[PDB]
Each structure stands twice: as structure tokens, then as C-alpha cells.
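Protein chains in written order, with the entry's author numbering: chain a, 2 to 15, 69 to 148; chain F, 34 to 250; chain Q, 15 to 147; chain C, 313 to 363; chain 3, 2 to 124; chain e, 4 to 121. Reading through the C-alpha cells given below for one structure.
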Amino acid sequence: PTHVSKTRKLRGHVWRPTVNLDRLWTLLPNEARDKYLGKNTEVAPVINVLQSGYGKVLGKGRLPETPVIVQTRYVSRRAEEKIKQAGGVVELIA
Amino acid sequence: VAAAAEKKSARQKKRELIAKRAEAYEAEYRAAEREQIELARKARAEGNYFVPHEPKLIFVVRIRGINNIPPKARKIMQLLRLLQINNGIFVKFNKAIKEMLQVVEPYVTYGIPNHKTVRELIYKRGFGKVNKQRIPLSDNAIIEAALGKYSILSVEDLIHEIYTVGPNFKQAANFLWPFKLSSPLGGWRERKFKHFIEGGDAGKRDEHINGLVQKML
Amino acid sequence: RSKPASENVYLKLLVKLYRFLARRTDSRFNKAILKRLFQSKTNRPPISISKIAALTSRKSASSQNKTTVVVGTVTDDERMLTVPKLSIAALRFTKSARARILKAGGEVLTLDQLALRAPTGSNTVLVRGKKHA
Amino acid sequence: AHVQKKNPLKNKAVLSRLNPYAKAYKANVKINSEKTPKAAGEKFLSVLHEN
Amino acid sequence: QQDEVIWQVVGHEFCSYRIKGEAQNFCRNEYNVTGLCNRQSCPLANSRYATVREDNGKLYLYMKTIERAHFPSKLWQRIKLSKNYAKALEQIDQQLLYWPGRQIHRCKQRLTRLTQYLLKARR
Amino acid sequence: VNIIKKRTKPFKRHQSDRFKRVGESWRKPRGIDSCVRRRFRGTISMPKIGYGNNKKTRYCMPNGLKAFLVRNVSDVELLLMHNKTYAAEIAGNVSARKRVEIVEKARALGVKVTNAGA
RNA sequence: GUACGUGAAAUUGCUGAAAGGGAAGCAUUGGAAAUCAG
RNA sequence: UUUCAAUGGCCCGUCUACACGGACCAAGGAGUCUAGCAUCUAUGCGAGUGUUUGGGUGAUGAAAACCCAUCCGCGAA
RNA sequence: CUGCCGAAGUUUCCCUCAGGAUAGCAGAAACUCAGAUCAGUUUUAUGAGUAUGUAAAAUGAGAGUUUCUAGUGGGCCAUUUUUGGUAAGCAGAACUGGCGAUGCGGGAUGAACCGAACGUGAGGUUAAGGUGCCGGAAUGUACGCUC
RNA sequence: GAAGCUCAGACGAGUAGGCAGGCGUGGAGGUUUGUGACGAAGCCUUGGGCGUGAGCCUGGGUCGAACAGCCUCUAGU
């Protein structure tokens, strides 16, 4: 818009995306979280970070104590132990 | 009938209180003037010399404009609240004030007023600084609101607090706005910007400042 | 400042309501909101459900039923999966945050609702969003 | 309030408002009389009429 | 939605019954009495009010109700006065005694000017 | 309350009389050395906010009535509640038939018409 | 009226009015003459 | 409105007293569009965000509107 | 078109260059304490040899900030110091104000002299300078000098 | 006409520059049952009125077909 401009007032005056453990439980479908988080079930949920375009699973954050299997290409050196006491397992994608 | 009744009675009793106060102050002025006369007469008779009294109150009037003034002097003007020609302010005459005044000696005139000029000023040209506003003193309630903490309840109490230099002299300035005086009737002297002793009009002038105010006022 | 720079009529109603509350009561809470409702968008940072939950259940708690008040946006934090029962008043809640409060928790309020509830702002915590951005 | 500023010195009604004392102020008072005690020290006359 | 948001939309800037000039604005709306645009007298923005307007030798009145205000056909009802200027005045103040009185001083004054028409029209 | 005008003469543009290309309408002198810009003694005056008239008597005809432009019968019909404040002004491009219709309506409302003699 | 719708200014002529002894133009205040207005 | 009297009034613009431009009038006539970047304000959404490269639909007006597809960009380290 | 706010000429250094800087000023947004929190100011005490500083009484004012961002970075005039100086001026620095952006009264007239810092008016009173006439205002009063 | 009403006080030069509110022009969307051959726009005018101003309304004459107010958009303003 020229009418608001200053000229109309001067007239005359001259590859590896990263995911941390505070976010794995957000990658599930919400019904999977509803029916699998916190329930003492024999079978544990499985998370494939690669299906969300994530290469390496870093370990920042706390975890719920529900066991969960995480499938990943690469993993940070603490991210695996935190899921040990979380009761779930980590196994490595080829 | 009630509510307003007790307010009127308290209003009434306050009216006699300032009446009683005013009587006390007037007796104080007359007694002070009398002993001045008697101690002068007695000393002059028996022979020994009486001496004047170092004054603590003087009235100051700025007589030069706002152009061509050194930065040292205009700074003093700001600290004195003399920011305009033909203004006027009171200052507690002491060593700090006296030594301050000679800096602006050619730019102000100062001297010791007596009770009449104080009373005339407040009544006629007395404007009170209420809430950072130049509010005239048309009522005693105006002064009560701003000086009730210091037990000053009327114009006459303010006049005594000023003229006799009470402890609340400092606690009365920011209640009172500078006296914006008119140009003096009859004029100044022929050469206004010489020292008063030299036939001019600037500087300390004592018993001949009362005259000036009557004109300026 | 003396008026908000937005043209939102609903925001101007809040300003109209809280001008009255500030100038007809002595509550400094109402004055605080009025000063913060005049603020620009980047001076009103968001707040998170995680932050509010931490700020309520903090140290000696002392939150109880005190309704949390913030003048801004209350965004969600997916990093938390356990959301406590909360009572929150704000200009606007993101869709995810509103659902997470309602489905498992307490209530969401707008600022006009808060005035009808606690016009003096009694028993409220007046949080503010992180200005570091 | 106070549309116009009135001088107590000229408007007598405004004095009655400001001073509940101008009713009886009694400016002039006989404090002399027939009996004036002229008193100027004798040596004060000597030093005055000196040189 | 509500009456303030309606006022904030139509009242301030755009209405078909509003007339701006050099620095003044009037409300032509047939249901306003003072004829000028404000929140207290806005026809579109506010709830039930009362007005009167001329027709071929008589005056007649507009009102609203709150329950029926969603149905514009009978949102307004019309009552007719064609007997006398004075009797119109007593009628008008009567039908607004049980109603807020902030409008009568404008309403009752409007009448006599409309009736003054008929006299001047006759002359 | 009498209507008061601080100034009656208009502010003519500098040298608007020595040239036919420089117009009567006021223009602010921009030149740094303009004796009119520096407001020398004897030079023409410049519009200032100090000449603004009283808000109570501003926009009022010499008889204390404000002008309202009227183009059809509807406009004057809207003036019935201000017959004491606003005087109607028939627009220039209103036909002869409408002018007599408006003016007769305005007479019925008792509202002042400034140019009824047309 | 084909030098063709409207026909501005610069510019020229005629009539009327007024002023003018080495300029004028402009501004403020009024008088006079003309002309309006409520 | 004209004119008279008294009083005052150096020709304007530009540069740095000048000087340089100006015979008069009319029309035209000079900070524009676009890309990047930055601040600020406003609006929408919010750990997300952005569908107009593309597909569907719109025939009664169709270069619009509306719907769908997030490969991807920026952000989340 | 009107209104409002409104500097700078020298700083802060930096530079190859013109410049920027950087301030300062003017601002624009956020946030402390109702304070000894300040000051182109004075005073008192205090050491050292009226001034000096520090600390504190007077005095006026609400006093701080961190952040980004326009324009300016000249010169002239006079005062005070001031070494080289000569028929005589002249040169050298440092400082101060005024001027640039400033109209008005006065000095016959004038970039700086004397007063005075400006919205539209009415009335009153003055500054500087004047009161024979031009010219508003005493061909005033008093005492002398001068042909 | 809360973007409103009301009371009080102080203040008013201004270059570069900073900020705010307005006047005017061509075209677009919306609205005013808007104006008009019983004379639109334009043009003239010792006619009148309004605004501090940019400018605006109107009387009379000439003229002969289109034009404007308001809220927004826009720019070869």
C-alpha cells in the first residue's frame, strides 16, 4: 500500500535426526499409549524411531516405568541403560 | 440531621482553634516588635550599644531574564526555583544560602521583609503547589490537606510558619509555588543591572526591598 | 502505554472490563493484568502445562485449589504424560493443551470467567511466560 | 471549584472566609499617651555631636 | 453473539443507518429515538427500546422483547396513536414507566416535534 | 453565546499575488533563508494552532447554526430533532422539483434552510 | 456555422470605475464609494 | 470589493555577500517495483508450523473459491 | 496541511581512505528503589601545601538504567589566561560563553553591541534606550563646565 | 460515538532529524430506497458560509450526461 508509505508525507520536504527418551512415548498412536502405558502386560510396546525419520536415539529425559522395546539404528551410550531400569529392551535395526 | 451535624461542629471548633492560634501569633509579633523597641531605647539611654539581630529570613527576586547567563549561575537559579524574571522565593538565610547568593549577585535582589509583605504575598499572590499543581490558596482546607501532618491548618498559620522561620520552613516550600510577580509600578532605577549600592538595582538591599515588593506585587 | 495495539474486539472487551476493575478497586492484581494485556505479543511469551504443573507442585506446594492465572498462551508439553488436576485461566489454550486438561484434570477458564470467580484475584498464582524466547 | 481567584485584600468576604480573626483585630492601639518618656543617653548625645 | 460485540462491529464504523459528516455521526435507524449513535441508544446493538415515527397524520411505536428477538418478523411490534398530542404524551410515559426511564426525556420530546409537523403541515 | 472569530482574513500563500502560477491556497515556506519562515516584522502571517476558534462556537454560521448537507427529503427528515442546532443546506446538484419538495418538508419540520431562495 | 461539444489561463482590444510628482506589489488599522448578510 | 491615509515590509529557490536559475501561462514532471536480510507491530496455529510444485472440484460464468497429498523447508540439540 | 519532540559540530577510539565510529544529544521499548537516588550549586569538617580532594549539611528534583537508532562530527565572534615576540601590528595554545536552528524592543541603518527567548487576543506595567522637531514621551527641576 | 463524558495544572522559537493526526486525486469491493436532461461533470464569478490550515459547502451565469457521501482496498496520487 503506497498511501500509508512515507513518500505520501514528504511532499514539499524534497543424516541422523535425533530423538530423546522424553519423546519416544509421544511417537505411539494415542490408543497404543492408552492401552499399553502403565499396565502390567506380558507383551511390551515396540517403538521404531526410523519410521518417524529419526536416526539416533539420544537419552535426554526421564522415563515411565512401562517396559518398551525400541528399534533404532544408532543410540547414545546412556540412552540404553535408562531403558534397562525402565523394564523395556533395546535391539538394533540393521 | 446527623453526620453533617458533627462535621459542622468539628468544622466550627477548628474555626476557633485557628482563631485562637491567630491571636497567639499576633501577640507574638507585637511582643517581638515591642522588645525590639524597648531594648533599643534602654541601650541608647544607659549608654551601651544594642546590636541588630542576624536575620534568618530573606526574600529574593530574580531581575534578569533567561538569556546570556553563565551555566554556574543558571544552575543556582534552578536550585532556587527562580526560573523566570520578576519571580520571587523565600530562602532561609544561613551560611550556605548567603555564600550561594553572591554567585547570582548581579542577577537577583534580596533583602529582609517584615510581616506585611509576607501576609500580602500569601493572600494575594499565594499559589499552593498541590499534587504538583499550582493551586491557589482560596481556602484554609487547601492548606490543611497539604500541611496537616505539620499542624498547619490555615493561611495565618502558614504566615507565621514562614515569617518567624519555624522548623517546617523546609516542609512548606514544596507546598508553595514561586511568587510570579508583575513588573514594578513606577519602574526600576534608571540603570537596573548595577549593584544596589552603586545606584543600580541588583544585590542585597535590606530595608529597601519592602518598597520593591509593594510595587512588583 | 494506554491502549492495546491490536484491533481484536474480544481483547478490547477484556481491556474494557479490566479498566473498570483496576480503577474501581484497589487490587494490584487487576492493575497487573491491565499492564500485561496492553503488552505486545512478543512481550507475552507462552507458558507450558509442564511449567504450570511444576510451579504448582513446587517445594512446599501451597497450590491446592488456587487457580493459576497467566496472560498469554498455555501450550502443551508432550514430554509429560501424567497431568495433574489443574484450574487455569489464560487468554487462549492450544487445542492439545485444552484437551489434556479437560480429559484428565480440572478446568479451563478465560480471563472474564476469572473475574466473575475471583475479581480481586484471591488465591491465584500470576505466572508469566519465559521472556528469553 | 474556584472558577475565579479573589483577593482577601480587596474582597472583604474572602477575609471572613480565610481569617476567623479579622472580625476583631483592632489595628491601632494607644500605647503612648501624654506621658512620653524622652530617653537619649547624655553621653550618647556627646558621641553623636562629636567631631 | 452478545450485545457489546455487536456494538463493537456495527456501531463504531459501519452501519446502513449511520451517517457520518465532517466530525459528527447520526443514526437514521427507524428504531432509535435520539437519532444519534451510542451504545445506550443503538437500535441494532441493544435489547428492547421504544421509538415513535410518523405516518400520514398519526404516530406509532416500536418495541422489542428478549425471548422473541431471534425471530425478526415479530421481533418488533407496532402500536398506533392517532388521538391527540397530549394524550399521546400520557400514553408514551405510561408505557415506559414499567420500563427504563433513560429514554423518556428523548422519547417524549420526539413526539411533540412529530406532532408539530401536523400543525405546521396544516399551516 | 455570541460567535467569535479570531481571524477573518484568510492566510494567502507567499507571493500568491505577484504570480498566476503560485496559487492562493496556503503552502508552508520551506526555504531556510525565507524571511517569511523566520517570521520577520511586517511579513505575512502563518497559520498556527493558536488561531483555532472556541470549540463551543466552532463550525457555526453567523447565526449560531451548523450546516448539514441535504440531498433528498430523507436527509432533512433526519434533522427534526436538531432544529435548534443544524440548518439544512440544499446540495447544488438537486433538481428544481426536489428543491421545492425538500424546502416545503424542511418548513414543516421547522428546520432552517440557508439557500431556500433558489 | 464545418477556424464546428465544453472553452480555462497566459495575452490583446472596447466600455465603466479608480489611482499615479523618479516604481509597484504585500500586511495591520480605519474612512469613503459599491455591495451583501442576518 | 476598490481606493486612500498612517505604520511596517530588500526577490524567490539552490549552494557558499554573492554567484547560479527564473519573460508569462497550461498540461506533463522525480524515493518506484522486486528479491534477500534485520527490527518492530498485528493475525493464525503452537513443538510444531507452512500445501497453491501437484491432484480433486468448481460450467454456469471457472485465472476465483473449496478440498486432498508434507516429499520437503525452518524449529525441536 | 497542521501538531508534537528536537540536536550536532567537538567528543570515544579506530583506522589504507573518506570516514566511521563512540559519545553526546534527541529519542523508542522493558524493569528496579519512594530513595541520600541524583545535581554545570553552595556550605561544614577533614588531610596535603582562597583554592585541592574525600566525607557530611544546605538546596532543587522522583531518581536508574541494560537494550536499538536516526542526524551532526564544522567554523566565526568576544573574554580570560599566554610563550615567542617589533616601529608597528603578529603568532601560539587552553578555557569560556554567544552564533549556527532565533524572531522581538533599542543603538539613524548592520552576522555578533544593549535588553529580551515567540500560540491568538484584551488590559496593565516595565527592560534596554529615550522625552526640542522629525518620533510615542518634561523646550522638566537643581548645581556647575564650556564660545 | 468507554475510541465517550468531566475537572484541574503547567507549557507553546526551531535546522538535520524523530512521531502523530488530517486535506486532496485516479480505480476496486460494500453501503446510502444516494444526485441528475425539471440539467451530471466541468468552467466563470465585485455573491454567501465553514476550517488555524491542507481544503470544503453553497448562490447566480455558462454548460449538456453522467456523478458523489460513508466504511475499506489500491496507486502512474
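Note that CB positions come from ideal geometry on N, CA and C, so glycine has one too.
Taking only beta-carbon atoms, is residue i less than 9 Å away from chain F?
i: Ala325 (chain C); result: no
i: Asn344 (chain C); result: no
When the Cα of residue i is compared with those of the options, which residue comes out closest?
i: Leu128 (chain Q); options: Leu28 (chain Q), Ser110 (chain Q), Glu21 (chain Q); result: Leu28 (chain Q)
i: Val129 (chain a); options: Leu78 (chain a), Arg87 (chain a), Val97 (chain a); result: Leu78 (chain a)
i: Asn127 (chain F); options: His228 (chain F), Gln166 (chain F), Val198 (chain F); result: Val198 (chain F)
i: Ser215 (chain F); options: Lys41 (chain F), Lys157 (chain F), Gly236 (chain F), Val151 (chain F); result: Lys157 (chain F)
i: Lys59 (chain 3); options: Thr66 (chain 3), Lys84 (chain 3), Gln41 (chain 3), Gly36 (chain 3); result: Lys84 (chain 3)
i: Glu92 (chain Q); options: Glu145 (chain a), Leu146 (chain a), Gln139 (chain a), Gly115 (chain a); result: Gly115 (chain a)
Under the assumption that residue i contacts residue j (Cβ atoms under 8 Å), give the Cβ distance between them as a whole number of angstroms.
i: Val93 (chain F); j: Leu115 (chain F); result: 7 Å
i: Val106 (chain e); j: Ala119 (chain e); result: 5 Å
i: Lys149 (chain F); j: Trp210 (chain F); result: About 21 Å separates the two Cβ atoms, so there is no contact after all.
i: residue 129 (chain 3); j: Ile7 (chain 3); result: Because chain 3 is modelled from 2 through 124, residue 129 (chain 3) falls outside the range shown and cannot be assessed.
i: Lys108 (chain e); j: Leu68 (chain e); result: Wrong, their Cβ atoms sit about 18 Å apart, outside the cutoff.
i: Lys213 (chain F); j: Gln117 (chain F); result: 7 Å
i: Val79 (chain e); j: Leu112 (chain e); result: 6 Å
i: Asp90 (chain Q); j: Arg106 (chain Q); result: 13 Å between Cβ atoms; not a contact.
What are the boundary residues of the beta strand (DSSP E) that includes residue i?
i: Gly161 (chain F); result: 160-162
i: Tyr61 (chain 3); result: 59-65
i: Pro169 (chain F); result: 167-169
i: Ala103 (chain Q); result: 101-103
i: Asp56 (chain 3); result: 52-56
i: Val94 (chain F); result: 90-95
i: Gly144 (chain F); result: 141-144
i: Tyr89 (chain e); result: 89-93
i: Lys69 (chain e); result: 69-73
i: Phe123 (chain F); result: 122-125
i: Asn74 (chain a); result: 72-74
Residue i CB to nearest chain C CB: under 9 Å?
i: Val188 (chain F); result: yes
i: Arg74 (chain F); result: yes
i: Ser171 (chain F); result: yes
i: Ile185 (chain F); result: no
The ligand NAD and residue i: does the residue's C-beta get closer than 8 Å to at least one heavy atom of that ligand?
i: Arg100 (chain e); result: Absence of the ligand NAD from the depicted structure is noted, as is the absence of any ligand whatsoever, leaving it without description.
Under 9 Å between C-beta atoms, does residue i make it to chain 3?
i: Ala111 (chain e); result: yes
i: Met64 (chain e); result: no
i: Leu28 (chain Q); result: no
i: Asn86 (chain e); result: yes
i: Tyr32 (chain Q); result: no
i: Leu68 (chain e); result: no
Kindly indicate the opening and closing residues of the alpha helix (DSSP H) around residue i.
i: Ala37 (chain F); result: 37-79
Looking at the C-beta of residue i, does it have a partner C-beta in chain e at a distance below 9 Å?
i: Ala51 (chain 3); result: no
i: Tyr118 (chain 3); result: yes
i: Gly22 (chain 3); result: yes
Strictly under 9 Å for the Cβ-Cβ distance: is residue i near chain a by that measure?
i: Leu95 (chain Q); result: yes
i: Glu121 (chain Q); result: no
i: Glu92 (chain Q); result: yes
Does any residue of chain Q bring its CB to less than 9 Å from the CB of residue i?
i: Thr72 (chain a); result: no
Original post:
Is it true that the stretch 49-62 of chain F meets the stretch 190-203 of chain F, where meeting means three or more beta-carbon pairs spaced less than 8 Å apart?
Top reply: Because the criterion of three Cβ pairs below 8 Å is met, the stretch 49-62 of chain F and the stretch 190-203 of chain F touch.
**OP:** Would you be able to state if there are at least three C-beta pairs under 8 Å between the stretch 54-63 of chain Q and the stretch 81-89 of chain Q?
**Re:** Here the stretch 81-89 of chain Q lies against the stretch 54-63 of chain Q, with 3 or more beta-carbon pairs under 8 Å apart.
Original post:
Do the stretch 76-91 of chain a and the stretch 111-127 of chain a touch if we need at least three Cβ pairs shorter than 8 Å?
Top reply: Result yes; three or more Cβ-Cβ pairs closer than 8 Å.
Original post:
For the stretch 108-118 of chain 3 against the stretch 77-90 of chain 3, are there 3 or more C-beta pairs whose distance is under 8 Å?
Top reply: By the C-beta criterion, the stretch 108-118 of chain 3 is judged to be in contact with the stretch 77-90 of chain 3, since at least 3 inter-stretch pairs fall below 8 Å.
Original post:
Quick check: the stretch 17-35 of chain e against the stretch 91-104 of chain 3, are there 3 or more CB pairs under 8 Å?
Top reply: Touching, no.
**OP:** Say whether the stretch 73-91 of chain e touches the stretch 22-39 of chain 3, bearing in mind that this needs 3 or more beta-carbon pairs closer than 8 Å, one atom from each stretch.
**Re:** Touching, yes, given that three or more Cβ pairs across the two stretches are closer than 8 Å.
Original post:
Is the stretch 101-108 of chain 3 touching the stretch 51-66 of chain 3, taking contact as three or more C-beta pairs under 8 Å?
Top reply: Judged by Cβ distances under 8 Å, the stretch 101-108 of chain 3 makes contact with the stretch 51-66 of chain 3, as three or more pairs qualify.
Original post:
Just checking, does the stretch 160-174 of chain F make contact with the stretch 72-82 of chain F on the three C-beta pairs under 8 Å criterion?
Top reply: Segments in contact, no.
Original post:
Does the pairing of the stretch 68-79 of chain Q with the stretch 135-142 of chain Q give three or more beta-carbon distances under 8 Å?
Top reply: Yes: at least three Cβ pairs fall under 8 Å.
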